[PDB]
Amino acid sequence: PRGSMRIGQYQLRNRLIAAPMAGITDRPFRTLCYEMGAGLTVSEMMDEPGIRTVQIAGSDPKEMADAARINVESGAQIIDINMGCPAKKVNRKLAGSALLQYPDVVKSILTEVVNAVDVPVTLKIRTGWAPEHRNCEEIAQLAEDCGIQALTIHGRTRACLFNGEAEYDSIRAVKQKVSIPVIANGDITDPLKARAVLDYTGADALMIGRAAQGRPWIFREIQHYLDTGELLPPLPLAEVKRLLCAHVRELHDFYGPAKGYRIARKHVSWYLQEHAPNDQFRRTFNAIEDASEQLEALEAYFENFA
C-alpha cells in the first residue's frame, strides 16, 4: 500500500470497505464485519466500529445538506452520498443513480453537502444511467471539483441492475483522470478476484457487499492475500459455529428475543444460501419461532460434521 488508504485526515487500517446495504447492514452485522477484517463499514442515515461512516440519500441539495449536518451532530465522522442505487426513492422522488442522468443536480447536491459539514464527504456512484450513457469520468471530475474526498464506483450502470458482470474498465479510466482515492466495487467475491481488480484498476481500496452476507470473515481472507500473497485456509466448521452462534446471541440482545429471532433467521439464511442452499436444515430453521430453539438447532446442525 502506498501510504495506506485515506479518506481526508483518516487513514484506514486496510483497503477493504464493507458496502452499505439498507436492511442488511445493521449495527450487529457492521460490527461483525469490522471484527472480521473490514477497514471501514458504512451505515444508513436516520457508538459504531472504527471510523463512523454514515451514508445519506435524497435528491434535494438543501435536504441533503441537513441530513449531512444532523448525522454529523449524531456522531458521523465521514458522510457518504448515495448516487448508485438503481431503483431508490427518497421522499417519493427518484434518487441514487437516477441523479447521474443530470450533472447539474449532481453538482448542486455535492457542493451543498460538502460546505454543510466540516467532515470528509465521499460519493458512491455507478458507471452511468445506461450502457449508452456512461458519464463516469465526468461525474468523478465534478465530484473532485465539488470537494468530495473519496469516490466509490460500482462497475455497472443503473440499467445493469444486478445483471451480467461488473466491469473494471470505467473504474480504471476514472482512477487515471482523478486525484482523489477511488474505491473499486462490484463482484469482488474472493481474494484472487480482489487482487486482479486492484491490479487492473489501480484503485485505492475495494468495496465488498453481497459476498460478506454469508461469509463476514471474507475481509480478513482478502486482506491476508493482498498483504502476504498467501491464502488463509478455509474457516473450519467448528469456528464457523462459534462465530454464527455468537452473532445470533448478539441479535437476541439487540432488538430482544422477539424481533431478534426474525433477524437471526435472515442472517443465518445468508450463511445457508452460500454454504448449503438446497438443504434440509434451511427449511426447518426458517420454521422456528423461538430464540432459544434457534441457538439449539444451530449447534445441532454443526455437530453432524464433528
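Residues carry their position along the shown sequence, with the first being 1.
Gap between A258 and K259: none; every deposited residue in this span has coordinates. On average the C-alpha atoms of 246 to 254 have higher B-factors than those of the other stretch, with 246 to 254 and 35 to 43 being the two compared.
Look at the C-alpha B-factors of 226 to 234 and of 135 to 143. On average they run higher in 135 to 143.
Within the selection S74, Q213, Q149, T157, the deposited Cα B-factor values reach their highest point at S74. Sort the chain's modelled residues by C-alpha temperature factor and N278 lands in the highest third, per the entry. Ranked by C-alpha B-factor against the other modelled residues of its chain, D204 falls in the lowest third. When all modelled residues of the chain are sorted by CA temperature factor, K177 is found within the highest third. Compared with the other modelled residues of the chain, the Cα B-factor recorded for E112 ranks in the highest third.
When the CA B factors of the chain's modelled residues are split into thirds, the value for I288 lands in the highest one.
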